[PDB]
Every structure is written in C-alpha cells, then in structure tokens.
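The sequence shown begins at 11 in the authors' numbering and counts up by one. I have placed the structure first, in the form of structure tokens, so that the comments after it can refer back to it.
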Amino acid sequence: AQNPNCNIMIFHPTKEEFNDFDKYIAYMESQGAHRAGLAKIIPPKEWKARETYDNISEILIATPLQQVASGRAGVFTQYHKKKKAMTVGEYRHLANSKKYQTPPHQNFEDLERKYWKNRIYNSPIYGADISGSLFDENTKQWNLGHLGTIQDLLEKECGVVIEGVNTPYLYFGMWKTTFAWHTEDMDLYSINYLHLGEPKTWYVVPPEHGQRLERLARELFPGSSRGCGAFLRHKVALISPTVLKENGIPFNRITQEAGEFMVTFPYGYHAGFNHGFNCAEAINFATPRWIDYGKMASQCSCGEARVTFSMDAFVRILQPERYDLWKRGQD
Ligand SMILES: O=C(O)CNC(=O)C(=O)O
Ligand SMILES: [Mg+2]
Ligand code: NI
Ligand SMILES: [Zn+2]
C-alpha cells in the first residue's frame with residue numbers, strides 16, 4: 011500500500027506531465043497521495059497562470075464576511091457577519107492596515123503559534139466565494155476555469171445526463187481569515203491555486219480517519235451535534251492542532267505559498283488560515299474514484315448548510331433515498 015502513514019505528498023510535474031490533468035491526478039493517487047487527504051503540486055517553472063496581477067483592484071467583493079469567533083482559543087466556532095461591498099483594492103488596503111495586518115514574526119511556525127493563541131480575539135474580514143477566475147484564457151494547463159465538469163464526469167461514469175454547472179471561486183484573504191473544518195460538498199475533490207500574496211496554512215485528516223474527527227467534533231460541539239447529524243457541513247467549527255493531538259486525532263499540516271496548487275481528496279477534512287493579504291482560486295472536481303464517496307457522503311438536512319443549485323442533481327441521482335429529506339432542508 012503506497013503512503014501508509016498518510017503523509018502529505020508534494021509533486022513537481024514536468025511541463026509534459028502538466029498537460030493532462032486527469033492523468034496526473036491518477037498518477038498522484040498511484041503513489042498514495044490521496045491517503046493524506048491533501049497534496050501540494052508545484053507547477054513547472056515554464057508555467058504561469060497569467061502575465062501579471064497588476065490589474066485586479068477593481069474586482070468587487072460584494073459581501074465581505076467578518077469572521078467573529080466564540081469559544082476558547084483551541085475550540086471555537088465562527089459566524090460570518092456581512093459587511094458593505096468593497097473593491098479588491100479597498101480590501102487590500104484594509105488587510106494592510108494596522109488593525110488587520112500580519113504581526114511581526116520569525117517564521118511560519120511562530121506565526122502559527124500566534125494564530126492559535128490569538129485568533130479568537132480578532133474578527134478578520136474574508137472575501138470568499140466570489141464567482142470568477144484569474145486564469146488567462148490562453149493558459150492551457152491546470153486552468154481551473156477549463157476543467158472537465160462534474161456533471162460530465164457523472165455522465166461518463168454512470169450514463170445519466172444532469173443539469174448543473176461547475177465554475178471556480180475566488181477568495182481574497184487577510185491575516186487570521188479562517189476556513190473551518192470541512193469536507194467538500196458531496197465529498198468532492200477540490201483544487202486551490204494561490205494566485206498571489208501571503209501564504210495559507212492547511213490542516214488535514216486522512217480520509218480513512220475522518221470519522222475520528224467527526225466523533226471529536228460531536229464531543230466538542232455538543233449543542234451543534236444535537237441540532238444536526240452533519241453539522242461540520244455548516245463550515246463553522248475550528249479545532250486546533252494542540253487539541254487534535256491531545257485527543258489522538260491523526261492529521262497533518264502544510265503551508266501553501268503563492269504559485270502553488272493544493273488538491274483535497276474525497277472525504278479529506280481540512281481547515282486552515284491565511285497569513286496576510288492573498289488571493290486564491292478554487293473549484294470542485296470529480297474523478298471515477300469519487301463516485302463511491304459521493305454515494306456515501308453525509309448530508310445536512312437541518313437547513314443551515316444551504317448550497318448550490320448543482321448539488322441537487324448529485325443528491326438526486328447518487329442518494330435517492332436521502333433526496334426528499336435533504337431537499338426539504340434546502341427549501
Ligand atoms: O481557501 C479557502 O479559504 C478554503 N478552500 C478550501 O476549502 C478548498 O480549496 O477546498
Ligand atoms: Mg480589476
Ligand atoms: Ni475545501
Ligand atoms: Zn445542518
């Protein structure tokens with residue numbers, strides 16, 4: 011069995027190997043990458059996502075989210091308070107302001123310590139989930155707006171044609187902006203490219219151990235757990251590495267820098283934080299190996315998780331028994 015300790019693997023494809031996305035994902039899995047839940051891909055030196063980032067300031071962040079925490083330093087939830095619209099240029103200035111800027115630090119480890127110590131005492135503002143792309147249309151390799159669609163994958167694997175579309179999302183972050191513990195909708199893959207700026211630290215639980223994280227989360231968030239049998243789908247709960255280690259939960263951590271891709275694998279729980287002003291782009295995708303995960307994915311039916319139009323068909327076709335209850339949650 012490849013990668014039996016479920017370590018995060020890092021890949022350095024050549025320009026020739028960067029041509030065929032599906033084939034490279036399958037190669038990474040042949041080496042056991044999926045066992046970690048997360049892999050890093052460093053593009054060949056010949057590649058670029060676009061020529062410059064000098065002309066992005068007029069992109070609008072229509073609903074910036076202020077991430078307000080409740081709980082204790084290592085075990086907290088966050089809620090998202092909607093703020094007034096601002097441009098990316100306005101947001102970058104805000105991120106660099108004395109109130110919100112990254113503190114002085116020695117190295118990534120020192121900054122990670124400061125994050126876990128102090129996150130709950132601040133409420134950083136995240137420009138998340140903005141439909142759009144920063145890949146140049148002429149970038150032919152690993153262009154996240156030109157991937158094969160999940161609807162086409164389901165059709166190719168299972169023969170059923172379904173409605174829905176699959177497009178990327180931009181994330182503009184600042185120091186302490188936070189992504190809560192989650193897997194993807196329908197336990198899909200994700201791919202995330204850090205276009206610019208400061209790093210993003212990731213934590214991940216191997217898929218084979220995801221239920222260990224769920225059991226801890228039910229212990230640590232007991233009212234949430236009573237409210238919903240899949241409350242990590244709400245994407246609001248954080249648990250620190252110190253707390254995970256105290257409870258024996260297997261996990262790994264890695265820092266993504268600008269110019270690097272991360273891939274999350276089906277049912278790989280992940281969480282993390284941004285080091286300072288940055289911009290990432292991400293999209294979900296599928297492979298043949300995903301289908302069995304999609305069929306088994308938990309679902310939130312309490313009404314909190316509210317998701318895209320396109321998840322309807324996935325539930326309807328892969329999870330027909332759950333469909334009626336899940337759709338009630340959506341309406
Ligand atoms: O970058 C972020 O805030 C969150 N991204 C992801 O969870 C992802 O790409 O799967
Ligand atoms: Mg612009
Ligand atoms: Ni994710
Ligand atoms: Zn729920």
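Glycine residues also receive a C-beta, built at the ideal position from the N, C-alpha and C atoms.
In this chain, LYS94 is not harboured by any beta strand (DSSP E), its DSSP state being neither H nor E. Distance between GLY258 and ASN117, taken at the CA atoms: about 27 angstroms. Within 7 angstroms of the C-beta of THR188 there is not a single heavy atom belonging to ligand 3. Shortest Cα-Cα distance from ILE35 to any of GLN77, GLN88, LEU157 and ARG338 involves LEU157.
No residue range can be given for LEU154, since it is assigned to no beta strand (DSSP E) and is classified by DSSP as neither H nor E.
With a beta-carbon spacing of about 7 angstroms, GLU218 and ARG45 fall inside the 8 angstroms limit used to define contacts.
Using a C-beta cut-off of 8 angstroms, the region 266 to 277 makes no contact with the region 157 to 175, since fewer than three inter-stretch Cβ pairs fall below that distance. Those residues placing their Cβ nearer than 7 angstroms to any heavy atom of ligand 2 are, following chain order, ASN65, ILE66, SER67, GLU68, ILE69 and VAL98. For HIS280, the CB falls within less than 7 angstroms of some heavy atom of ligand 3. Under DSSP, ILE264 forms a beta bridge with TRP212.
As the crow flies, the alpha-carbon of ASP197 is around 14 angstroms from that of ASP322.
Ligand 3 has no heavy atom closer than 7 angstroms to the beta-carbon of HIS90.
Sixteen is the threshold: since fewer than 16 other Cβ atoms of the shown chains lie within 10 Å of the Cβ of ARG123, the residue is exposed. Its chain contains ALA95 as the residues whose beta carbon lies nearer than 6 angstroms to that of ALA72, once the 5 sequence neighbours on both sides are disregarded; these appear in chain order. Residue side-chain check: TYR181 places its Cβ nearer than 7 angstroms to a non-hydrogen atom of ligand 1. Assignment of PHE283 by DSSP, reduced to helix, strand and coil, places it in the strand class.
About 6 angstroms separates the CB atoms of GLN77 and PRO134; that is less than 8 angstroms, so the two are in contact. By the neighbour-count definition (other C-beta atoms within 10 Å, threshold 16), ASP120 is an exposed residue.
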